[PDB]
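The data below hold one chain only, encoded as structure tokens and taken in the form deposited in one PDB entry.
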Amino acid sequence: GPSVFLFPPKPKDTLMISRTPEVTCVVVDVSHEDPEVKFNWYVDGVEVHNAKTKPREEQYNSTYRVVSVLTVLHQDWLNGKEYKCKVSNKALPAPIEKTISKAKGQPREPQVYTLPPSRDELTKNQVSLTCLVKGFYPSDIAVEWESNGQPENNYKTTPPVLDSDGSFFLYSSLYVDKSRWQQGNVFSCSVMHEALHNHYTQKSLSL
């Protein structure tokens, strides 16, 4: 029978009024026998009717994939409302229901700390600039780097890790040329999270 995956908005999308947060309900393994798929959507159990279902697309394994997209109000997602996708197909014993929402719990403001390169690293070509983001809840967060207003490419961020107290931490590492650092350029760690003032903070770093 067919399978359903329900996907949440991206963190940045819910934190910025300029962006468009969406919940996405994907049905795969729809057969040729029974290709009609119905979607019902509920917000905290109350049916809504504004979702955009794009038309089915047969995959290269001869099953159909159909997608339905519900736009969410920023504040609804953040006030913790619950999004239910109900999928009907005549090849199911019963309809499939998936639910999604923000992780439950009291939001906690991340602490952001920049850490310079270890002395040992300075006799390398590259140097790692570190951004420690700890104490946050839920785990949804965006981290970015920049210097003089231009975004930086060459950085990697760990997944959020669960701390003993139920909050999360992560580290972001920006790899720069030793020279750029040692001439004293300003590097900035950006953090976006619901529990920050204006959903944004920036922490700077130089020699």
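Residue positions are given as counts along the sequence shown, with the first one as 1.
Same protein, other form: the form solved in complex with a partner chain, not shown, and the subject of what follows.
Undergrad: Look up in the entry with it bound whether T24 has a non-hydrogen atom within 4.5 angstroms of its partner chain, and give yes or no.
TA: No, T24 is distant from the partner.
Undergrad: Can you tell me if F7 lies within 4.5 angstroms of its partner chain in the entry with it bound, counting non-hydrogen atoms only?
TA: Residue-level check for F7: no, no contact with its partner chain.
Undergrad: Considering only heavy atoms, tell me if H74 and its partner chain come within 4.5 Å of each other in the entry with it bound.
TA: The answer is yes: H74 has a heavy atom within 4.5 Å of its partner chain.
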